[PDB]
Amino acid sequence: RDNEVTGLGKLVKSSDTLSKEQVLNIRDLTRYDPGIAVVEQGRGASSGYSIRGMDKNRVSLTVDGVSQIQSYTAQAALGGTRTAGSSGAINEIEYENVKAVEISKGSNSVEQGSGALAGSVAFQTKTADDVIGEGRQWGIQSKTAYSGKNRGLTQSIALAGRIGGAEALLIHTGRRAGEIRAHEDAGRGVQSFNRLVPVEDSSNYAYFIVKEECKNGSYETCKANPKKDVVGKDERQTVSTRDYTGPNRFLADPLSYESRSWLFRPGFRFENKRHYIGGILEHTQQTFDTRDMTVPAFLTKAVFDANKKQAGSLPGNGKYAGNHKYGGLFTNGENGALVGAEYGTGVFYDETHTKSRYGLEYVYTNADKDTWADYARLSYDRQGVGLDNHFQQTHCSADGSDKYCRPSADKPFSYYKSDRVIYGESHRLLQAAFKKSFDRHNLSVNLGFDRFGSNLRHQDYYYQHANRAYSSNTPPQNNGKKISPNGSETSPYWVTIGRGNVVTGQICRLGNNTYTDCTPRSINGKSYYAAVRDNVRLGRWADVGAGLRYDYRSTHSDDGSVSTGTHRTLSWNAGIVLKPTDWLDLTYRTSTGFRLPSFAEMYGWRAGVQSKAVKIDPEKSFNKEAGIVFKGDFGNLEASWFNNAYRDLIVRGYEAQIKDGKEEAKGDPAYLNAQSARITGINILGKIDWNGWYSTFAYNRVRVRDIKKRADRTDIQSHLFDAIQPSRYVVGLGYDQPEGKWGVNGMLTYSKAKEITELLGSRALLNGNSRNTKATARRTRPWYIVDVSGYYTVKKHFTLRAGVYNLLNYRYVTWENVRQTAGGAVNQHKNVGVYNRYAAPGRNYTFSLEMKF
């Protein structure tokens, strides 16, 4: 439990906590802590937290002092097309690898660093000391859980032992699941989707004869029996939903999730038992493979018509070898290809996220306070993170959903494309933490220096197509006068049809500065910081604490990128608590926060021309929160009130100068600090003791005070917070059993609609000119669910846990989750006409069994 820093405005979770709660997924952890949100990445993975009215790189994510890869979204490709893109996802952490996580609302930059603008999330690698004990000289643990919602199953085991000074800890975790099923009623077995199919042409000029099908000689012999041209006609077909293909898709796309995590933590105890020298090796690889079902598998005469109106008719259209009529139905593709009606297209994303971190740690500990430090530690970590997008498209199967199929001679009209975009980061980090004390003083020193990099590669980008070789030719002609076949029954065309010719172009270009440019975008640099914070206790009556920290970072690139040493950001926090008691007491908190430009924002906007790197200030934030709390037999009941100010916010836009005396935009598009907005929330939570057997109550709400722009800027949009999760109440009621071993719990989460004052905004152009915009096409609306959990630890070693979430079915659509639509989301969905696809799960059962020795 708590607590490194008086005040509050944060929560704690422990391995045991997590387990009791049965959290297998990132969505799970914060499900009961209203005002914290997950932020879907649209391909089904994470991509950060949303807190205090912000999200993404605006809120930090740390593990054992090592920050986690940022959200990097590369600029959109043009023409065509449908390209892979950048994952934009943020690394997921294996909870079976962690001890107790700390979450904090409001600017945490003081103890987090950059990115702590809206809040912070910090993790802890599990300690070998989990062999406990005391007594036991070693330990072994096993966890097997099954989630019904995602039809997932997870298995983790941790074995550890400590011999003399030496010690070793090994954890392996693995998981297979996918797709997170919705409320059954979301959709069932329907719709239509017209699809193009071959029919005889009906024109009188539509007859033809193919060469290879005339055994004897020539046109005049073979003509006697001509084939008739085929023409496209769509027919209404009916399938099944889950088999259907968007738009109007009532489902969330198929997802295959898989993950493997390894943790090795040796440590050696040095001589006199104070000193500890140990090391760590972690590898966690998670994969998300999906198929976008929003993409119509078939044509569709409408598409054919589009292409006819643009490029006109195609040679051989309607002509077919033998009886094979779909042979005649094909149209204009992309990248100069003709795609056959007889195949169907599919789009697949194979997204793979790898984290690899190995390092050494040394810890000196003395008791009681004697030396210049009660607790001292040096930490060196080498970590790396990567996200491999790998988009593929194929139109070479019945589809059939085939991702392997490709273009070949035997498949005349086939198509294929592959676009792979890989974003990664690495850290080499030294950090030292020292804690000295006096008895009421608690001193804290935190130091660090790192060599870091962010590398974006673009590779495996190319296309393939076979196109049927065909010719319409005219017969001799021995006579001194020549006939031009018009296709009339008596004068059919003389046609050659042949194998598809396979061709593969490379799509990768260099120096063009657009999506298609594959030159590595690399950013390297050094960063240090010196942080000191101390708190003190005055009698029984009060407690105060304060901290100050200095950061410095310099980044180089070999390009005209926006890199620069960002300036000496210095931060602080102060806090107090009064204890007049009565069982009551009061609290006040103030802290500063900041974020440096996302490496994406540093790479710049890039219209395909030369661009200047325009240096940009960091995003800035100020948080003040005041609260009161009632301690006692019943428990603590806390109420909090907060104001967060945000300034120098980064957006794509233009500079604004005045003269004449009107405004003039200059000179080039890029990401600048154009704006500021303020929010104020209120957060209550308390846990009663009733002297049934207990219950817990949490409530949170957030309001938007104002939004204002740098006024030297323009073409900036406006803010549009879509990220604030609608206010909700969470009320649990539960019964344990002093030792008993068995337990029961129930929870009620209620959310109110959404506004709609937060989905609005203006583009803010020159003069009093601006266009009204919105983040989304519709609001979410209010809903409530009740979850019920239980567990029994028969023969206490083995503990079984069960739960039923959304006990009532209560079909609803959460806004999380629909945030995926528009609003410049990391990966945007469209056109989403239905919205049923965004429904939350119906009743679902999660079953877990843990055992330890």
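From 1 onward, residues are counted along the sequence shown.
K.L.:
Can you tell me how many deposited residues have no coordinates between residue 691 and residue 692? The categories are none, 1 to 3, 4 to 9, and 10 or more.
P.N.:
Unresolved stretch here: 4 to 9 residues.
K.L.:
Hey, how big is the hole between residue 633 and residue 634 in terms of deposited residues without coordinates: none, 1 to 3, 4 to 9, or 10 or more?
P.N.:
According to the record, the chain runs unbroken from residue 633 to residue 634.
K.L.:
Which of the two stretches, 229 to 237 or 655 to 663, shows the higher mean Cα temperature factor in the record?
P.N.:
Looking at the recorded C-alpha B-factors, 655 to 663 comes out higher on average.
K.L.:
Using the B-factors recorded in the PDB entry, average over the C-alpha atoms of 321 to 329 and of 417 to 425, then report which stretch comes out higher.
P.N.:
Looking at the record's C-alpha B-factors, the answer is 417 to 425.
K.L.:
In terms of CA temperature factor as recorded, identify the highest of 355, 771, 678, 719.
P.N.:
It is 719.
K.L.:
If you compare 205, 583, 550, 783, which has the highest Cα B-factor in the entry?
P.N.:
That would be 550.
K.L.:
What third of the chain does residue 803 rank in for C-alpha temperature factor, lowest, middle or highest?
P.N.:
Tercile = lowest for this residue's CA B-factor.
K.L.:
Please place residue 404 in the lowest, middle or highest third of its chain by C-alpha B factor as given in the entry.
P.N.:
Its C-alpha B-factor, which the entry lists for residue 404, ranks in the lowest third among residues of this chain.
K.L.:
Within this chain, which third does the Cα B-factor at residue 793 fall in: lowest, middle or highest?
P.N.:
As the PDB entry reports it, the C-alpha B-factor of residue 793 lands in the highest third of its chain.
K.L.:
Tell me, lowest, middle or highest third: where does the Cα B factor of residue 543 rank within its chain?
P.N.:
For residue 543, whose C-alpha B-factor we compare with every modelled residue in the chain, the answer is the highest third.
K.L.:
Name the third of the chain's ranked CA B-factors that contains residue 53, choosing lowest, middle or highest.
P.N.:
Middle third, going by the recorded CA B-factors of the chain.
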